[PDB]
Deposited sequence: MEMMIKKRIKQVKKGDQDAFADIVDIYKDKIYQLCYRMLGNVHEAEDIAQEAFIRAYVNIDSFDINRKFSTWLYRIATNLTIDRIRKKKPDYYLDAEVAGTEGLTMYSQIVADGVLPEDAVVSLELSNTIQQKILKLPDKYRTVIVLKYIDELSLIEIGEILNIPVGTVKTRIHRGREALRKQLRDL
């Protein structure tokens, strides 16, 4: 957007208050992404906060010419993927409707869970999902096809 870039320009030059506008605009989207990846309110608010704090810390690193949301999503996706993997116990060795959906979202491997949440909950394009995950448009299409198939096994009986 025009507005957000202008807010970013203020942030870079010393204006910390102008970041609040960036948080308000994206708070609901980012928290929703982490909550539907993790399925737990406490870790969701935590990782959603960390994403915004990390976004501020690294704001000078952000290329002004690219899209900011794509950047911010990448940060949030990498925090939640990392947490999902941490939970897996062997990591360091080497009838309410939407809660039922939610628990079924968590039975998908993180590489299919990500694309399903971004495509079907957050309504992004394949091109933007690729950018966020740093994979070709082809590969994201394939992951969605697999996610839809994994999702079908879980949700058909609801």
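A.B. asks: Can you list the gaps, in order, where the deposited sequence has no modelled residues?
C.D. replies: According to the record, the gaps fall at 1, 96-123.
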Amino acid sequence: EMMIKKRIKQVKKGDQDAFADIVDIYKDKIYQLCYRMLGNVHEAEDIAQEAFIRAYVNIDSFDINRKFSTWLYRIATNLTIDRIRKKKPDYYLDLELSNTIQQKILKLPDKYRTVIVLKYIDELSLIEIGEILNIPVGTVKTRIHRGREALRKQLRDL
From here on, numbers count along this sequence of modelled residues.
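A.B. asks: On average, which has the higher Cα B-factor in the deposited entry, 85-93 or 103-111?
C.D. replies: Comparing averages over the C-alpha atoms only gives 85-93.
A.B. asks: Look up the CA B-factors in the entry and say which stretch, 37-45 or 113-121, has the higher mean.
C.D. replies: Stretch with the greater average CA B-factor: 37-45.
A.B. asks: Compared with the other modelled residues in the chain, in which third is the CA B-factor of residue 127?
C.D. replies: Answer is highest: the recorded C-alpha B-factor places it there.
A.B. asks: Residue 27: which third of its chain by C-alpha temperature factor?
C.D. replies: Its C-alpha B-factor belongs to the lowest third of this chain's values.
A.B. asks: Going by the CA temperature factor in the PDB record, which third of the chain does residue 141 belong to: lowest, middle or highest?
C.D. replies: For residue 141, the deposited C-alpha B-factor lands in the middle third.
A.B. asks: Taking only the Cα B-factors deposited for this chain, tell me whether residue 57 sits in the lowest, middle or highest third.
C.D. replies: Middle third.
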